[PDB]
Structures are given as C-alpha cells and as structure tokens.
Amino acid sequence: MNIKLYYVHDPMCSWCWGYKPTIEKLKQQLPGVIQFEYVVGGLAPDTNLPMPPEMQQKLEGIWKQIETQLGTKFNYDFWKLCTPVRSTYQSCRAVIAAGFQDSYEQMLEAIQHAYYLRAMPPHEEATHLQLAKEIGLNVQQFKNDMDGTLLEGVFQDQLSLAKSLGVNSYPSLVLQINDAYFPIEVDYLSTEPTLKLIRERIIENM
C-alpha cells in the first residue's frame, strides 16, 4: 500500500504562513511510510496590474486576523513600502526552481520571510534572485531554470494536480491511499488531531 500526504499551498498565502510552525512539525512527526509532497496551488495568475486599494485593505486586515488567532508575526510596512500585485505564479515557480537545487523548503521560507517580515515584493524577479543568493543557490542556474520549459512543465503539472485533488483554498491536506483520496482537516495550532485523522483513515482502508 502506497500512502502520500499532499500539502497544497502557495508561498503568497497568508494562512499558509500562519500554518508554517504546525505543518513543519506535522511533516517531522509523520510516519516514515507516508510520503509528504508539496503542491503549489497557484493563488493568482501572472500579471503586472497593481492591486486595487480595497483589495490591499482586505488582505492587510486578514494579516491582522491571523496575527490575533495564531500569534503569527507580520511587518505591516509591506503595505506602505511596496506596490502590491495580486500575482503569485512567479513565487510558485521560484520555489519549484529552488527545489531543483534541493532547496525547496529553504526558498519557501525565504519568500515568506521576504513578504511577511522584510517588506520585499514577493512577485518580483529582483527579490527572487536576492533570495537565491542568500539561500546559497547557483543563481545563474536558478535564473535559467525559472525561464525554461522544463519548469513550466512541472509548474503546470502541479496546478492541475491541485485542481484534481479537489483543492480550492490554501492550506489544504489530502491523503492518498493507493487509488483513493481523503481530504484532511487543517488544525492550525496542533498536530495531534491531524495525525489521529491520518492514522484512522489508513486503518479504515486496510
């Protein structure tokens, strides 16, 4: 029997940044027989149009919700210092490209820190290349990888997979057992109920 937990996220998703300490603990605690697979869900298509000011006020107020409920840190200067753009695809391509040099998780964290703490635009090339350097990547290979057809192939496969798993919001977990798929509820604060749900599913399917 073949068992996999998909974690469907976006580097620019606020709740996923709120979820970070728990999903990392979850992945560490998961039994070794379960593969863990990240899937970018692709929160917003490529675009250069600046975010209209109502959408900016909304997203800012969501950061404050997450801070209140989860204790998550945000540098609110992002809304003052940057021109926010509703576009997340480049940041998904950056994490996948970093994954080619075995640094998927290091780049994911670096983009979340950039966006939520460092007041840096997470959709910009300048940010991605500055992060690639900081994280120790071969910057030139990372830049060629971002622009190659191999990466658009991988990226497209993950966007289709997120829709195929039935995911329309982030973060989401889906557990696969052979040919069957089971959504798993996210618990933001604790790993214990999530592991219970996973073990229970596996055992009901034996």
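Start at 1 with the first residue shown and count on from there.
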{"property": "Greater mean Cα temperature factor according to the PDB record, 136-144 or 167-175", "result": "136-144"}
{"property": "11-19 or 178-186, whichever carries the higher mean Cα B-factor", "result": "178-186"}
{"property": "Options 97, 110, 81, 117 - largest CA temperature factor per the record", "result": "81"}
{"property": "Chain-relative CA temperature factor third for residue 206", "result": "highest"}
{"property": "Position of residue 3 among the chain's modelled residues by C-alpha B-factor, lowest, middle or highest third", "result": "middle"}
{"property": "Residue 27 CA temperature factor, ranked by third within the chain", "result": "lowest"}
{"property": "Residue 51 - Cα temperature factor, lowest/middle/highest third of chain", "result": "highest"}
{"property": "Residue 131, C-alpha B-factor rank within chain (lowest, middle or highest third)", "result": "lowest"}
